[PDB]
>>> print(open('work19.pdb').read())   # PDB, N, CA and C atoms
ATOM      1  N   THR U   1     -10.079  -2.840 -16.073
ATOM      2  CA  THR U   1      -9.510  -3.419 -14.814
ATOM      3  C   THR U   1      -8.604  -4.657 -15.055
ATOM      4  N   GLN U   2      -7.275  -4.488 -15.129
ATOM      5  CA  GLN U   2      -6.294  -5.523 -15.526
ATOM      6  C   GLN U   2      -5.195  -5.761 -14.458
ATOM      7  N   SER U   3      -4.887  -7.019 -14.128
ATOM      8  CA  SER U   3      -4.047  -7.380 -12.971
ATOM      9  C   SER U   3      -2.522  -7.194 -13.172
ATOM     10  N   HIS U   4      -2.052  -5.956 -13.370
ATOM     11  CA  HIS U   4      -0.620  -5.616 -13.357
ATOM     12  C   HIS U   4       0.027  -5.847 -11.969
ATOM     13  N   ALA U   5       0.675  -7.002 -11.780
ATOM     14  CA  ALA U   5       1.478  -7.348 -10.600
ATOM     15  C   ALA U   5       2.622  -6.342 -10.301
ATOM     16  N   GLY U   6       2.283  -5.206  -9.689
ATOM     17  CA  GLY U   6       3.207  -4.139  -9.292
ATOM     18  C   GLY U   6       3.270  -2.976 -10.297
ATOM     19  N   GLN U   7       4.035  -3.094 -11.386
ATOM     20  CA  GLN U   7       4.238  -1.980 -12.330
ATOM     21  C   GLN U   7       2.993  -1.656 -13.202
ATOM     22  N   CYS U   8       2.035  -0.894 -12.654
ATOM     23  CA  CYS U   8       0.939  -0.271 -13.420
ATOM     24  C   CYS U   8       1.440   0.607 -14.599
ATOM     25  N   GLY U   9       2.494   1.407 -14.371
ATOM     26  CA  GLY U   9       3.050   2.349 -15.350
ATOM     27  C   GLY U   9       4.579   2.553 -15.272
ATOM     28  N   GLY U  10       5.012   3.740 -14.828
ATOM     29  CA  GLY U  10       6.381   4.248 -15.012
ATOM     30  C   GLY U  10       6.500   5.099 -16.292
ATOM     31  N   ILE U  11       6.542   6.430 -16.169
ATOM     32  CA  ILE U  11       6.367   7.360 -17.305
ATOM     33  C   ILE U  11       7.429   7.155 -18.422
ATOM     34  N   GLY U  12       6.985   6.778 -19.628
ATOM     35  CA  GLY U  12       7.796   6.085 -20.653
ATOM     36  C   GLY U  12       7.491   4.571 -20.789
ATOM     37  N   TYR U  13       6.369   4.114 -20.221
ATOM     38  CA  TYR U  13       5.898   2.726 -20.156
ATOM     39  C   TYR U  13       5.799   1.996 -21.522
ATOM     40  N   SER U  14       6.544   0.901 -21.708
ATOM     41  CA  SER U  14       6.439   0.006 -22.877
ATOM     42  C   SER U  14       5.160  -0.877 -22.869
ATOM     43  N   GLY U  15       3.985  -0.301 -22.566
ATOM     44  CA  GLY U  15       2.707  -1.023 -22.443
ATOM     45  C   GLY U  15       1.530  -0.258 -21.778
ATOM     46  N   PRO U  16       0.335  -0.886 -21.676
ATOM     47  CA  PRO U  16      -0.914  -0.241 -21.235
ATOM     48  C   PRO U  16      -0.934   0.154 -19.739
ATOM     49  N   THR U  17      -1.071   1.443 -19.411
ATOM     50  CA  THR U  17      -0.895   2.022 -18.052
ATOM     51  C   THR U  17      -1.905   1.595 -16.947
ATOM     52  N   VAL U  18      -2.969   0.851 -17.277
ATOM     53  CA  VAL U  18      -4.168   0.676 -16.424
ATOM     54  C   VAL U  18      -4.212  -0.655 -15.618
ATOM     55  N   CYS U  19      -4.030  -0.601 -14.285
ATOM     56  CA  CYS U  19      -4.157  -1.761 -13.369
ATOM     57  C   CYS U  19      -5.637  -2.238 -13.133
ATOM     58  N   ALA U  20      -5.922  -2.955 -12.033
ATOM     59  CA  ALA U  20      -7.183  -3.627 -11.687
ATOM     60  C   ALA U  20      -7.992  -2.941 -10.555
ATOM     61  N   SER U  21      -7.368  -2.701  -9.395
ATOM     62  CA  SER U  21      -7.935  -2.134  -8.150
ATOM     63  C   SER U  21      -6.856  -1.967  -7.044
ATOM     64  N   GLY U  22      -7.282  -1.766  -5.791
ATOM     65  CA  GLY U  22      -6.527  -1.172  -4.676
ATOM     66  C   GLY U  22      -7.082   0.234  -4.372
ATOM     67  N   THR U  23      -6.289   1.294  -4.550
ATOM     68  CA  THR U  23      -6.759   2.688  -4.671
ATOM     69  C   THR U  23      -6.239   3.388  -5.947
ATOM     70  N   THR U  24      -4.927   3.337  -6.219
ATOM     71  CA  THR U  24      -4.245   4.147  -7.255
ATOM     72  C   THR U  24      -3.138   3.443  -8.084
ATOM     73  N   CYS U  25      -2.751   4.096  -9.191
ATOM     74  CA  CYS U  25      -1.501   3.855  -9.927
ATOM     75  C   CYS U  25      -0.422   4.860  -9.446
ATOM     76  N   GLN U  26       0.171   4.581  -8.283
ATOM     77  CA  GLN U  26       0.825   5.558  -7.404
ATOM     78  C   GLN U  26       2.310   5.815  -7.726
ATOM     79  N   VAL U  27       2.744   7.079  -7.728
ATOM     80  CA  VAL U  27       4.159   7.457  -7.912
ATOM     81  C   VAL U  27       5.091   7.076  -6.727
ATOM     82  N   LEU U  28       6.229   6.429  -7.020
ATOM     83  CA  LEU U  28       7.386   6.292  -6.112
ATOM     84  C   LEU U  28       8.425   7.400  -6.416
ATOM     85  N   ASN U  29       9.137   7.252  -7.540
ATOM     86  CA  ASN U  29       9.760   8.340  -8.308
ATOM     87  C   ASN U  29       8.921   8.611  -9.582
ATOM     88  N   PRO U  30       8.954   9.815 -10.184
ATOM     89  CA  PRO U  30       8.165  10.155 -11.383
ATOM     90  C   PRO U  30       8.167   9.078 -12.497
ATOM     91  N   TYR U  31       9.334   8.499 -12.789
ATOM     92  CA  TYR U  31       9.520   7.433 -13.789
ATOM     93  C   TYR U  31       9.144   5.993 -13.326
ATOM     94  N   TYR U  32       8.695   5.797 -12.076
ATOM     95  CA  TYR U  32       8.185   4.532 -11.511
ATOM     96  C   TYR U  32       6.828   4.741 -10.787
ATOM     97  N   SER U  33       5.730   4.349 -11.445
ATOM     98  CA  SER U  33       4.373   4.287 -10.876
ATOM     99  C   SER U  33       3.873   2.834 -10.680
ATOM    100  N   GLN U  34       3.355   2.534  -9.484
ATOM    101  CA  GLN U  34       3.042   1.203  -8.950
ATOM    102  C   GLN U  34       1.550   1.024  -8.553
ATOM    103  N   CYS U  35       1.029  -0.200  -8.658
ATOM    104  CA  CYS U  35      -0.361  -0.568  -8.368
ATOM    105  C   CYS U  35      -0.671  -0.593  -6.845
ATOM    106  N   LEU U  36      -0.916   0.584  -6.258
ATOM    107  CA  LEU U  36      -1.237   0.841  -4.840
ATOM    108  C   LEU U  36      -2.645   1.479  -4.693
TER     109      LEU U  36
END
>>> encode(input="work19.pdb", output="structure tokens")
Amino acid sequence: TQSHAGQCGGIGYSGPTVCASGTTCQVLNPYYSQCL
């Protein structure tokens, strides 16, 4: 559980994909996933 301020991922992510809480690591476009 880690506090990624917005960008949890984005497919091709230069770092660890795992946020803290909310509900999900949610898709906007396939290449942009956000901490929602």
>>> resolve_selection(input="work19.pdb", expression="the PyMOL selection byres (((chain U and resi 6 and name CA) around 8) and name CA)", output="CSV table (one decimal) with N, CA and C atoms, in the frame of the given file")
chain,number,residue,atom,x,y,z
U,4,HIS,N,-2.1,-6.0,-13.4
U,4,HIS,CA,-0.6,-5.6,-13.4
U,4,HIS,C,0.0,-5.8,-12.0
U,5,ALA,N,0.7,-7.0,-11.8
U,5,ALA,CA,1.5,-7.3,-10.6
U,5,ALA,C,2.6,-6.3,-10.3
U,7,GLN,N,4.0,-3.1,-11.4
U,7,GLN,CA,4.2,-2.0,-12.3
U,7,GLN,C,3.0,-1.7,-13.2
U,8,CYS,N,2.0,-0.9,-12.7
U,8,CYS,CA,0.9,-0.3,-13.4
U,8,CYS,C,1.4,0.6,-14.6
U,34,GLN,N,3.4,2.5,-9.5
U,34,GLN,CA,3.0,1.2,-9.0
U,34,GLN,C,1.6,1.0,-8.6
U,35,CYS,N,1.0,-0.2,-8.7
U,35,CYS,CA,-0.4,-0.6,-8.4
U,35,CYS,C,-0.7,-0.6,-6.8
>>> select_by_dssp(input="work19.pdb", residues="chain U", states="strand (DSSP E)", output="number ranges by chain")
U: 25-29, 32-35
>>> atom_distance(input="work19.pdb", atom1="atom N of residue 1 (chain U)", atom2="atom N of residue 29 (chain U)")
23.3 Å
>>> atom_distance(input="work19.pdb", atom1="CA of residue 10 (chain U)", atom2="atom C of residue 28 (chain U)")
9.4 Å
>>> atom_distance(input="work19.pdb", atom1="atom N of residue 23 (chain U)", atom2="CA of residue 36 (chain U)")
5.1 Å
>>> resolve_selection(input="work19.pdb", expression="the PyMOL selection byres ((chain U and resi 20) around 5)", output="ChimeraX atom specification")
/U:1-3,18-19,21-22
>>> residues_around(input="work19.pdb", residues="residue 11 (chain U)", least_positions_apart="4", cutoff="5 Å", atoms="all atoms listed in the file", output="VMD selection string")
chain U and resid 30 to 32
